[PDB]
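Engineer: Residue numbers (the authors' numbering), protein chains in the order written: chain A, 1 to 277; chain B, 1 to 277; chain C, 7 to 277; chain A', 47 to 106; chain C', 47 to 106. A prime marks a further copy of an entry chain.
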Amino acid sequence: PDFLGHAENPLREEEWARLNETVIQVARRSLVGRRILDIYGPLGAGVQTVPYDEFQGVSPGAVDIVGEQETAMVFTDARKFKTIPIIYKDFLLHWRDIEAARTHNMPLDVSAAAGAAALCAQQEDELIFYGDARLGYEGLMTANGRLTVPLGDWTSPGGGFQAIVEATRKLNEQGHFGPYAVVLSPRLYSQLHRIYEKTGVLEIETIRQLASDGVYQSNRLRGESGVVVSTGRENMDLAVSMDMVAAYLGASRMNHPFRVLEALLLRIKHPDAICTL
Amino acid sequence: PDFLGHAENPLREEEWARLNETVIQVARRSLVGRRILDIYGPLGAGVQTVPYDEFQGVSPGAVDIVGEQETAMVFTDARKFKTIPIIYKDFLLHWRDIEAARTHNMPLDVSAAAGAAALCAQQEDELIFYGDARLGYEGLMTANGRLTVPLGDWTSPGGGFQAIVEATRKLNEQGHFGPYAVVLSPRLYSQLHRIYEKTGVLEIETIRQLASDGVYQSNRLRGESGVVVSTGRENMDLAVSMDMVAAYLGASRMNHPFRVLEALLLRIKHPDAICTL
Amino acid sequence: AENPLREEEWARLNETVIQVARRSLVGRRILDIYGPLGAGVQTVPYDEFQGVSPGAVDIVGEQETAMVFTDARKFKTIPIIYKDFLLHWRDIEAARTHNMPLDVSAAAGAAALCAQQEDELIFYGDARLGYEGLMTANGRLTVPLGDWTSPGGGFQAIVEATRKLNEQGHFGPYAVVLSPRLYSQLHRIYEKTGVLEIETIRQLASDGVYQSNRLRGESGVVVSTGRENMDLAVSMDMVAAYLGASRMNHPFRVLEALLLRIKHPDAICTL
Amino acid sequence: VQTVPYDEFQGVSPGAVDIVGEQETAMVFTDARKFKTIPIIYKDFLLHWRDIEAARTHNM
Amino acid sequence: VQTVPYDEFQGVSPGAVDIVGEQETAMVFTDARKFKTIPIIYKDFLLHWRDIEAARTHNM
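1. Is there at least one Cβ from chain C' nearer than 8 Å to A'/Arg-102's Cβ?
2. Indicate whether the contact test is met: 3 or more Cβ pairs, each with one atom in the segment 149–167 of chain B and one in the segment 255–267 of chain B, closer than 8 Å.
3. Go ahead and label C/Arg-233 buried or exposed: buried means 16 or more other beta carbons lie within 10 angstroms of its beta carbon, across all protein chains shown.
4. Is it buried or exposed for residue 349 of chain B, if we count other Cβ within 10 angstroms and need 16 for buried?
5. When Cβ atoms are compared, which residues of the segment 58–85 of chain A' fall closer than 8 Å to chain C'?
6. To which residues does DSSP link B/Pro-257 through a beta bridge?
7. Would you kindly work out how many angstroms separate the C-alpha atoms of A/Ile-36 and A/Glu-166, rounded to a whole number?
8. May I ask you to verify whether the segment 224–244 of chain C touches the segment 179–187 of chain C, counting CB pairs closer than 8 Å and requiring at least 3?
9. Does the Cβ of B/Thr-76 have 16 or more other Cβ atoms within 10 Å, making it buried, or fewer, making it exposed?
10. Taking three-plus beta-carbon pairs below 8 Å as touching, is the segment 79–89 of chain B in contact with the segment 43–55 of chain B?
11. Check the DSSP bridge columns for B/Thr-49 and list the partner residues they point to.
12. Go ahead and pull the three-state DSSP assignment for C/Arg-169.
13. Taking DSSP as the reference, what is the three-state secondary structure of A/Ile-128?
14. Please confirm if B/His-256 has its CB atom under 8 Å from at least one CB of chain A'.
15. Using a 10 Å radius around the Cβ and a threshold of 16 neighbouring Cβ atoms, would you call C'/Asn-105 buried or exposed?
16. How many Å lie between A'/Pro-85 and C/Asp-90 at the Cα?
17. Output the distance between the C-alpha atoms of C/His-193 and C/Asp-213, rounded to the nearest integer angstrom.
18. Between which residues of its own chain and A/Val-23 is the CB-CB distance below 8 Å, once the five residues before and five after are set aside?
19. For C'/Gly-57, name the three-state secondary structure that DSSP assigns.
20. Against chain A', with Cβ distances strictly below 8 Å, would C/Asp-90 count as a contact?
21. Which ranges would you report for the alpha helix (DSSP H) in the segment 194–249 of chain A if only whole runs of at least 4 residues count?
22. With a threshold of 16 other CB atoms inside 10 Å of the CB of B/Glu-21, please say whether the residue is buried or exposed.
23. Am I right that A/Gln-56 and A/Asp-272 are in contact with their C-beta atoms under 8 Å? What's the rounded C-beta distance?
24. Please check if any C-beta of chain B sits within less than 8 Å of the C-beta of C/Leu-249.
25. When DSSP builds the beta bridges, which residues end up paired with A/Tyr-180?
26. Under 7 Å between beta-carbons, which chain C' residues line up against C/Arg-259? List them in chain order, please.
27. Between the C-alpha atoms of A/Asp-97 and C/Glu-262, what's the straight-line distance to the nearest angstrom?
28. Please name the residues in the segment 111–124 of chain A whose beta-carbon is closer than 8 Å to at least one beta-carbon of chain C', in chain order.
29. Taking C/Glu-8 as the query, report the chain A residues whose CB atoms sit under 8 Å from its CB, ordered along the chain.
30. For chain A, find out if any of its Cβ atoms is closer than 8 Å to the Cβ of B/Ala-45; answer yes or no.
31. According to the Cβ coordinates, are A/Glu-124 and A/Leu-264 closer than 8 Å?
32. Taking 8 Å as the CB-CB cut-off, is B/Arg-96 touching chain C?
33. Measuring only between beta-carbons, confirm whether B/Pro-42 sits less than 8 Å from chain F.
34. Whole angstroms is fine: what's the gap from A/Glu-14's alpha carbon to B/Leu-43's?
35. Please confirm whether A/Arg-34 has its beta-carbon closer than 8 Å to some beta-carbon of chain A'.
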């Protein structure tokens, strides 16, 4: 006639609401991937597969007096569908803490929730920026056709601008230009954030004006690398099946462990808008 | 019925009653520590910390006609606020005995519950009589300031009791006398029963009269040790957040596991009423 | 920590399990069952045998011959046979929104394995646990099934088996179970005139001649189909139950509880 | 529905019977599920317009 | 209340399993459960009864 048992959801309504709010907000704080990209809307739990379009196209538009160009852009052989993985963590909550938060001291502590959701989002950003060979996925710094360009010039007072200038030139060489967005590793970003370039102000302001979609920081990237991409759709996408949400796994010895879910898959529909070291 | 699985609780009211009665009875049978220790009232499930209060204190107290002598009240040495551990064991039921015991064998077979409760009580007695150093807890034979007395002169009836006599003398010198008690290891409890020639009266009866709160035997204590205590309050206590209760752990492999729980903490409010080897 | 499926999908799963069972069970077409006793029971009474008491006193008034009873009263424990499979929560959601088959191939595989294990149990007791096997029973009345691959083959062995049953004073409508190798190769259509050899064996047996691929290469048995000779104590028919969600993937287990009690091990012939 | 699950591979795990169910009867897919897609097959029906016209007010 | 629960830290568990179905990575929890005692901080001052009476009659 009390808490003991293997019953269904232990948490009351408001406690569930607080858990969901915490995971959502810490996700919003900790996600850098979902700002440079843009998401195909939430398809739902059921959708396990999404189309994965073929590759580049060097076919541009044309203008004639009477439309006769026929403007072909056709996928060739297959469509090679792919599947949407899942990412998760744990919520080992004590039963005595829940019991105390009912008739006693009652700031129900969900610190483990924020920690686990932060770890989950970190793993997800690792997925976007680096595919895993076990599932055979593609990562931005390990894709095919990255259009590499050396850097070899930082640690100088102003030897960082020309690297992104060259990257933009190479990216426009493939006839693929637009609002660029840059993501950099932590130490590289801080080093870029240094004193005046001797020709004005902090370099990041000029780089941000050149990119036109911001320069972002990612701890999850390797030590000395970074990327610049074309933020528009028709080039890259983030297929989402369901956003971060906490669900009840089961009953432990007597505790309650939870698990945070989100199903994401990047689609590089055009591996021409990627540039790296 | 039994196929839906993961029901909130399998058993009925009568079977819960029998399980609880069995664990209570076996606990009361096999507990020795709870027979010389006045228990704190059941605080509740939520409480996890209790005021582990005192280390010392003395105020001889005086009397005079008017009622004015200004003797400092015994308040506390310093608050410490230890945390209440949990002691548990677990057993299993075969999901058919629960079904047979509603048609064929009306009283449900619960021998595994007694088997688990005996081990739980053994572990609890070990907790009282010994710390574990993984939680900084204190034990009867591990407490600092134990008033050790060299007592090895046995195998000769011309002695043995004199060890307890010296223990009482040492307890008296520290200004602490009352209804004494003795808990002895089996290797010496049996040795007391010796009927060596020139018997007269066995030493056990003399020791029982000298103690006046019973000489007890416990296997959990080590092979070559024994203690003398003062049974009253304000020297020892037993914080009881909750007694032996059987709770459910979901249904694994369609069987039914259960766990016997209690939350106990020994607090010695006066680590002077202790004597050891 | 919940209960996954609703009524329609539960009914579909149960129907699939029942269908695969009734298709694959060969024992249930040769032995009649003691009524479903419920999941509660775990022990049943057992055989009576070699009750040698002619009882043919045949005197006006009556004599005091010995009554027939269990030779040695004892009990046996009804086993449990089970197979476990798994389902994915995303699969259930997809079958709920996009498509609507709700693939249950795993359930069919589990039911098939359970039925094969059950039939092996009936035709061979578990030596480790220790039971009675149709081809390993004591008092089996062995008859040499050899010298086949001949024009007059299985008939010469079935007639000998029937005369050995009748000599033991145990007769009636017999039934035959043969290994698939023989039950196929036995179609030596030419006995003499026009009738299948298996057809004339079936006429001789009068309660079918079935095959069960679980038997060994060159073995077969003939029994007396009635009750009070052989039995099949059932505790619960093959049914699927839920083992509780773990890691959001729902497991499941198909259960059956059977035990054969050969009351009169005089209705046996083998190789 | 363009994609369907494609389950892993064999399993040599058989069922078992015990007095009390404790076999745990595991049969678990290991690493992935490697979904696949459903192709299409087709041919042609070149029907004359005059034949359809004839089958209206004439030979039909 | 006089005691509160306490930190969880160095929960090194990537949780980035990222597999269809799910793996069995380690859950995050308090590294070592323990408690702390909430202190009390206080400051004491004094007031004179004549001051209160004066503030009640002469000035306010």
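Ideal placement from N, C-alpha and C gives every residue a C-beta, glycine not left out.
Structural biologist: Let's see:
1. no
2. no
3. exposed
4. Lying outside 1 to 277, the shown extent of chain B, residue 349 of chain B is not represented and no answer is given.
5. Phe-75, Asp-77, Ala-78, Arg-79
6. B/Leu-92
7. So the alpha carbons of these two residues sit roughly 20 Å apart.
8. At 8 Å Cβ cutoff, the stretches touch.
9. exposed
10. yes
11. B/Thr-83
12. helix
13. helix
14. no
15. exposed
16. Near 33 Å, if we compare the C-alpha coordinates of C/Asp-90 and A'/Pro-85.
17. 18 Å
18. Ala-113, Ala-114, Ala-117, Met-244, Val-245, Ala-246, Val-260
19. Reduced to three states, the DSSP call for C'/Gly-57 is coil.
20. yes
21. 203–211
22. B/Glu-21 comes out exposed.
23. For a cut-off of 8 Å, the C-beta gap from A/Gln-56 to A/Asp-272 is around 5 Å, short enough to register as a contact.
24. yes
25. A/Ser-212, A/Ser-230
26. Neighbours of C/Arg-259 on chain C': none; closest Cβ ~19 Å, over 7 Å.
27. 43 Å
28. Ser-111, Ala-112, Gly-115, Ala-116, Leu-119, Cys-120, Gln-122, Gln-123, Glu-124
29. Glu-8
30. The beta-carbon of B/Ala-45 is placed less than 8 Å from the nearest beta-carbon of chain A.
31. Their beta carbons are under 8 Å apart, which means A/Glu-124 touches A/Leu-264 by this criterion.
32. yes
33. Absent here is chain F; the protein component of the structure consists of chains A, B, C, A' and C'.
34. 27 Å
35. no
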